[PDB]
Structures are given as structure tokens and as C-alpha cells.
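Asks: data_26.txt is reproduced in full below (compact mmCIF, C-alpha atoms).
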# COMPACT_ATOMS: atom_id res chain seq x y z
CA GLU A 1 61.57 129.95 110.49
CA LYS A 2 63.87 129.43 113.46
CA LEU A 3 62.95 132.78 115.03
CA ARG A 4 59.21 132.07 115.11
CA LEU A 5 59.74 128.51 116.30
CA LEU A 6 61.91 129.78 119.15
CA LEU A 7 59.38 132.46 120.09
CA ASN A 8 56.87 129.61 120.32
CA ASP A 9 59.18 127.21 122.17
CA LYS A 10 60.58 129.92 124.40
CA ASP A 11 57.46 131.93 125.16
CA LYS A 12 56.86 135.03 123.13
CA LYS A 13 57.36 138.78 123.31
CA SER A 14 59.73 139.23 126.27
CA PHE A 15 62.99 139.33 124.25
CA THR A 16 63.89 140.96 120.94
CA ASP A 17 65.00 139.13 117.85
CA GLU A 18 68.73 139.85 117.66
CA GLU A 19 69.59 138.01 120.87
CA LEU A 20 67.36 135.16 119.70
CA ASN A 21 69.54 134.88 116.60
CA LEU A 22 72.53 135.04 118.95
CA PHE A 23 71.09 132.15 120.96
CA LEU A 24 70.64 130.18 117.75
CA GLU A 25 74.32 130.89 117.10
CA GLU A 26 75.14 129.52 120.57
CA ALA A 27 73.93 126.07 119.48
CA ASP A 28 72.62 124.76 116.18
CA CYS A 29 70.02 122.58 117.94
CA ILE A 30 66.99 124.80 118.47
CA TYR A 31 66.01 123.14 121.75
CA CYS A 32 69.36 123.90 123.39
CA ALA A 33 68.97 127.56 122.41
CA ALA A 34 65.41 127.53 123.73
CA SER A 35 66.66 126.08 127.01
CA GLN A 36 69.26 128.83 127.37
CA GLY A 37 66.49 131.30 126.59
CA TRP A 38 64.40 129.70 129.31
CA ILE A 39 67.06 130.31 131.95
CA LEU A 40 67.61 133.87 130.79
CA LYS A 41 63.82 134.36 130.85
CA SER A 42 63.56 132.88 134.34
CA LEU A 43 65.99 135.60 135.38
CA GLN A 44 63.50 138.24 134.24
CA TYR A 45 60.78 137.20 136.71
CA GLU A 46 62.36 139.48 139.31
CA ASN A 47 60.88 142.41 137.33
CA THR A 48 57.69 141.04 135.75
CA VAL A 49 56.42 139.58 139.05
CA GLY A 50 58.42 141.08 141.90
CA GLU A 51 59.09 139.49 145.27
CA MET A 52 55.72 140.84 146.48
CA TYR A 53 53.58 137.83 145.61
CA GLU A 54 50.41 138.62 147.60
CA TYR A 55 48.69 141.85 148.56
CA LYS A 56 45.31 142.94 149.90
CA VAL A 57 44.19 146.51 149.21
CA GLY A 58 40.73 147.86 149.90
CA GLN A 59 38.38 145.03 148.99
CA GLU A 60 40.70 143.23 146.54
CA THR A 61 43.28 140.57 147.29
CA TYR A 62 45.50 138.97 144.66
CA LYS A 63 47.78 136.01 145.36
CA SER A 64 50.40 135.67 142.64
CA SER A 65 52.62 132.64 142.37
CA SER A 66 55.81 133.45 144.24
CA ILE A 67 59.03 134.06 142.35
CA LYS A 68 60.39 130.72 143.56
CA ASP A 69 57.55 128.79 141.94
CA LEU A 70 57.85 130.64 138.63
CA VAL A 71 61.62 130.31 138.44
CA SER A 72 61.36 126.64 139.40
CA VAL A 73 58.87 126.09 136.58
CA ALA A 74 61.17 127.91 134.17
CA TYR A 75 64.12 125.73 135.18
CA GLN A 76 61.88 122.69 134.75
CA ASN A 77 61.09 123.82 131.21
CA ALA A 78 64.81 124.36 130.62
CA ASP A 79 65.57 120.84 131.84
CA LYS A 80 62.90 119.38 129.56
CA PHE A 81 64.32 121.20 126.54
CA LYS A 82 67.84 120.10 127.45
CA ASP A 83 66.69 116.49 127.81
CA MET A 84 64.83 116.73 124.51
CA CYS A 85 67.98 117.98 122.77
CA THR A 86 70.03 115.16 124.28
CA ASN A 87 67.35 112.72 123.13
CA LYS A 88 67.63 114.20 119.64
CA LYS A 89 71.41 113.81 119.40
CA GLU A 90 72.14 110.75 121.55
CA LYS A 91 72.75 107.37 119.90
CA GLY A 92 72.69 104.00 121.62
CA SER A 93 75.39 101.55 122.61
CA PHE A 94 77.08 99.22 120.13
CA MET A 95 79.95 96.80 119.63
CA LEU A 96 82.88 97.25 117.23
CA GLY A 97 86.04 95.45 116.13
CA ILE A 98 89.73 95.91 116.89
CA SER A 99 92.48 95.76 114.26
CA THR A 100 96.20 95.29 114.86
CA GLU A 101 99.01 94.78 112.37
CA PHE A 102 101.29 91.77 112.68
CA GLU A 103 104.01 90.02 110.68
CA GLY B 1 128.70 90.81 77.16
CA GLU B 2 125.75 93.01 78.18
CA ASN B 3 122.72 92.13 76.03
CA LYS B 4 119.50 90.70 77.47
CA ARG B 5 118.06 87.58 75.83
CA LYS B 6 114.50 86.23 76.05
CA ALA B 7 113.27 82.92 74.64
CA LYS B 8 110.09 80.88 75.15
CA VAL B 9 111.41 77.37 74.47
CA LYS B 10 109.28 74.23 74.32
CA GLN B 11 110.25 70.79 73.07
CA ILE B 12 108.51 67.44 72.61
CA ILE B 13 110.51 64.44 73.87
CA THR B 14 109.38 61.18 72.24
CA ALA B 15 110.86 57.69 72.18
CA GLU B 16 112.08 57.72 68.56
CA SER B 17 112.88 61.45 68.35
CA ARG B 18 112.43 64.82 70.07
CA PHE B 19 110.99 67.91 68.38
CA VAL B 20 112.30 71.24 69.70
CA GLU B 21 111.30 74.77 68.69
CA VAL B 22 112.04 78.20 70.17
CA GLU B 23 110.09 81.48 69.95
CA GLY B 24 112.46 84.43 70.31
CA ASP B 25 116.20 84.90 70.56
CA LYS B 26 118.62 82.28 69.28
CA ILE B 27 119.84 79.54 71.62
CA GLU B 28 123.18 78.34 70.27
CA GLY B 29 123.43 74.87 71.79
CA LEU B 30 119.90 73.76 70.85
CA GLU B 31 119.29 72.79 67.22
CA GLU B 32 115.76 73.73 66.20
CA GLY B 33 113.45 71.29 64.48
CA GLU B 34 113.41 67.55 65.07
CA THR B 35 116.43 65.40 65.90
CA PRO B 36 116.54 61.58 66.02
CA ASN B 37 116.67 59.81 69.37
CA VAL B 38 119.71 57.54 69.68
CA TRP B 39 117.46 54.93 71.36
CA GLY B 40 113.84 53.93 70.90
CA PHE B 41 112.69 54.94 74.38
CA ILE B 42 112.21 58.21 76.23
CA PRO B 43 115.24 58.96 78.47
CA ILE B 44 113.10 60.95 80.97
CA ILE B 45 112.11 59.15 84.19
CA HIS B 46 109.01 60.30 86.07
CA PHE B 47 109.40 59.83 89.82
CA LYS B 48 105.91 59.75 91.34
CA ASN B 49 105.60 60.31 95.09
CA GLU B 50 102.57 58.58 96.65
CA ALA B 51 101.42 57.38 93.24
CA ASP B 52 97.90 55.97 93.05
CA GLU B 53 96.12 53.91 90.42
CA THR B 54 93.47 56.67 90.18
CA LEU B 55 96.05 59.48 89.72
CA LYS B 56 98.01 60.55 86.65
CA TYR B 57 100.69 62.41 88.65
CA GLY B 58 102.36 62.06 92.04
CA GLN B 59 101.46 63.64 95.36
CA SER B 60 103.48 65.84 97.70
CA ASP B 61 103.52 64.74 101.33
CA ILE B 62 102.51 68.26 102.43
CA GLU B 63 99.10 67.90 100.78
CA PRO B 64 97.29 65.91 103.52
CA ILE B 65 98.79 68.16 106.21
CA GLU B 66 98.39 71.63 104.65
CA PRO B 67 94.81 72.31 105.90
CA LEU B 68 96.15 71.63 109.40
CA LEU B 69 98.92 74.12 108.62
CA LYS B 70 96.21 76.63 107.68
CA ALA B 71 94.39 75.99 110.96
CA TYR B 72 97.58 76.23 113.04
CA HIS B 73 98.64 79.44 111.28
CA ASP B 74 95.23 81.04 111.76
CA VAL B 75 95.06 80.14 115.45
CA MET B 76 98.63 81.30 116.09
CA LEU B 77 98.10 84.61 114.30
CA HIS B 78 94.84 85.22 116.17
CA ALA B 79 96.61 84.47 119.45
CA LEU B 80 99.49 86.82 118.65
CA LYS B 81 97.10 89.60 117.61
CA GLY B 82 95.04 89.21 120.77
CA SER B 83 98.13 89.12 122.97
Show me, as C-alpha cells, the structure contained in the file I just sent.

Replies:
Amino acid sequence: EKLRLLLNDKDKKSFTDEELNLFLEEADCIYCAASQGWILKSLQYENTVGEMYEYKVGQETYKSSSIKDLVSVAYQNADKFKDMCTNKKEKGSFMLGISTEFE
Amino acid sequence: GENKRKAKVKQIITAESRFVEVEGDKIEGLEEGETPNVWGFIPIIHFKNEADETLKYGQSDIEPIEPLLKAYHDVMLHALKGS
């Protein structure tokens, strides 16, 4: 199933299924759709992990990865999926022949 | 007038006589069957270009040259196509 395979490729349970089907409509190749999902998921880090990456309160301190690192990793995943799609479709170089009519 | 006429004519020419037959429409001037030859030799002369003791028939002068004509034609056509 394309939906499940996308929810595994593009990580799960942050979108809902109708836009995933829309992304599959954007491109037949699943990896291109997963890449587009990865950018539009990288956008969502501004909410899931806000700009406040580190805080100390009381006797606890937690140092989250900053938004720049997470979005950079998401773009890296997007670039890998894009490259994988291009690898899937791309064919190599090759020679052909020319034809021309004459009397 | 207007009519179309077809005829597959063949005829044997021999020294003493010639035997002629036609398959199809009538040919007025030719009398079918055999007719005597006025002389005891065949009045047809075979001219044999480049005749050879190992050949039944003659040879056209083009025949040695025609593979070179093939080569020249092929090279010229390739050159014209490429140009």
C-alpha cells in the first residue's frame, strides 16, 4: 500500500492521509512524494520543537537539538529521496544513428 | 481500331526449317506450325562480345567494372548524406 509505505518513508503520524494521497498525485514515483513530504514536515519543526532548544529549570536541564539541526537533517533526507528517485528513473548515455533522405 | 491483343509467341529457328507457335490472340503475318527454310543454315548470327572458350555466351564490357560502380555509388551517396 502506497499510504503505509509513505508513512514509513516519510516518518509517521504527523500528517493525515488525504494530503498523503495528494502528494502521491503530485508525482507517481513514491520517493519524490516522500521528499516533498520531508520538506513540508521540516516546516513543522517550528511547532513540535520551538526555537527554545535548551532550558534549565529547578534541577533539570534539557538540551534539544536546535531547529537548524533538525531542519537541516530533514532537508538532507529530502535530498537523499530526490537522489534515489533520480537514480530510479535515470538511464545512461548511448550512441544512435542519423538518417537522411537523398535522391 | 481499339482492341487490346496479347500473345505469348515462341518459335524454334533451325537450319532446315523453323517451327513457330503462338499462345493467345491471332498474329496475321505469322503462319503457325512449321515452315521450310529456304536454305540449309540458320540465318541468325550470334555476335559474342568478349567471347571465351570457357563461355557459351558473350560478355558485356560493364561486367568487370560494375563492382567498382557499386563502390563509387556507395561512397558518393554516403558523402552526400553526410554533407

Asks: Do a neighbour search on residue A:98 at 10 Å with only C-alpha atoms, toss out local chain neighbours closer than 2 positions, and write the hits as a PyMOL selection string.

Replies: (chain A and resi 96+100) or (chain B and resi 81-82)

Asks: Report as a PDB file with C-alpha atoms, in the coordinates of the input the set of chain A residues whose atoms approach chain B to within 9 Å, with distances computed over all atoms listed in the file.

Replies:
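Contents of out26.pdb, freshly written:
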ATOM      1  CA  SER A  99      92.480  95.760 114.260  1.00  0.00           C
ATOM      2  CA  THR A 100      96.200  95.290 114.860  1.00  0.00           C
ATOM      3  CA  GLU A 101      99.010  94.780 112.370  1.00  0.00           C
ATOM      4  CA  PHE A 102     101.290  91.770 112.680  1.00  0.00           C
ATOM      5  CA  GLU A 103     104.010  90.020 110.680  1.00  0.00           C
TER       6      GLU A 103
END

Asks: May I have the residues within 12 Å of residue A:50 as a PDB file with C-alpha atoms, keeping the file's coordinate frame, using all atoms listed in the file and disregarding those fewer than 2 positions away in the same chain?

Replies:
ATOM      1  CA  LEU A  43      65.990 135.600 135.380  1.00  0.00           C
ATOM      2  CA  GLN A  44      63.500 138.240 134.240  1.00  0.00           C
ATOM      3  CA  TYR A  45      60.780 137.200 136.710  1.00  0.00           C
ATOM      4  CA  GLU A  46      62.360 139.480 139.310  1.00  0.00           C
ATOM      5  CA  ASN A  47      60.880 142.410 137.330  1.00  0.00           C
ATOM      6  CA  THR A  48      57.690 141.040 135.750  1.00  0.00           C
ATOM      7  CA  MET A  52      55.720 140.840 146.480  1.00  0.00           C
ATOM      8  CA  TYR A  53      53.580 137.830 145.610  1.00  0.00           C
ATOM      9  CA  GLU A  54      50.410 138.620 147.600  1.00  0.00           C
ATOM     10  CA  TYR A  55      48.690 141.850 148.560  1.00  0.00           C
ATOM     11  CA  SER A  64      50.400 135.670 142.640  1.00  0.00           C
ATOM     12  CA  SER A  65      52.620 132.640 142.370  1.00  0.00           C
ATOM     13  CA  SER A  66      55.810 133.450 144.240  1.00  0.00           C
ATOM     14  CA  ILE A  67      59.030 134.060 142.350  1.00  0.00           C
ATOM     15  CA  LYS A  68      60.390 130.720 143.560  1.00  0.00           C
ATOM     16  CA  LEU A  70      57.850 130.640 138.630  1.00  0.00           C
ATOM     17  CA  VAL A  71      61.620 130.310 138.440  1.00  0.00           C
TER      18      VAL A  71
END

Asks: Take atom CA of residue B:63 and atom CA of residue B:47 and report the distance between them in Å, one decimal.

Replies: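 Taking atom CA of residue B:63 as the start and atom CA of residue B:47 as the end point, the length is 17.1 Å.
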
Asks: Stretch 77-87 of chain A: which residues within 10 Å, counting all atoms listed in the file, same-chain residues fewer than 5 positions away excluded, as a list in words?

Replies: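 Listed by chain and then number, they are residues 9, 10, 29, 30, 31, 32, 33, 34, 35, 36, 37, 38, 39, 40, 42, 71 and 72 of chain A.
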
Asks: One decimal, Å: what's the distance from atom CA of residue B:61 over to atom CA of residue B:74, could you say?

Replies: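 Atom-to-atom, atom CA of residue B:61 to atom CA of residue B:74, that is 21.1 Å.
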
Asks: By how many Å are atom CA of residue B:38 and atom CA of residue B:13 apart?

Replies: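 These two atoms are separated by 12.2 Å.
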
Asks: Of the candidates A:1, A:41, A:93, A:28, which one gets nearest to residue A:16 if we count only C-alpha atoms?

Replies: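 For residue A:16, the nearest of the given residues is A:41.
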
Asks: Please identify all polymer residues within 8 Å of residue B:37, counting all atoms listed in the file, omitting same-chain residues fewer than 6 positions from it, and present them as a PDB file with C-alpha atoms, in the coordinates of the input.

Replies:
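Produced file part_16.pdb, reproduced below:
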ATOM      1  CA  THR B  14     109.380  61.180  72.240  1.00  0.00           C
ATOM      2  CA  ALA B  15     110.860  57.690  72.180  1.00  0.00           C
ATOM      3  CA  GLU B  16     112.080  57.720  68.560  1.00  0.00           C
ATOM      4  CA  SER B  17     112.880  61.450  68.350  1.00  0.00           C
ATOM      5  CA  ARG B  18     112.430  64.820  70.070  1.00  0.00           C
TER       6      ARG B  18
END

Asks: Env of residue B:58: 6 Å cut, atoms = only C-alpha atoms, seq-sep filter 5 positions within chain, self excluded. Answer as a ChimeraX atom specification.

Replies: /B:48-51

Asks: Using all atoms listed in the file, which of the listed residues (A:25, A:49, A:56, A:13) sits closest to residue A:69?

Replies: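 Residue with the minimum atom-to-atom distance to residue A:69: A:49.
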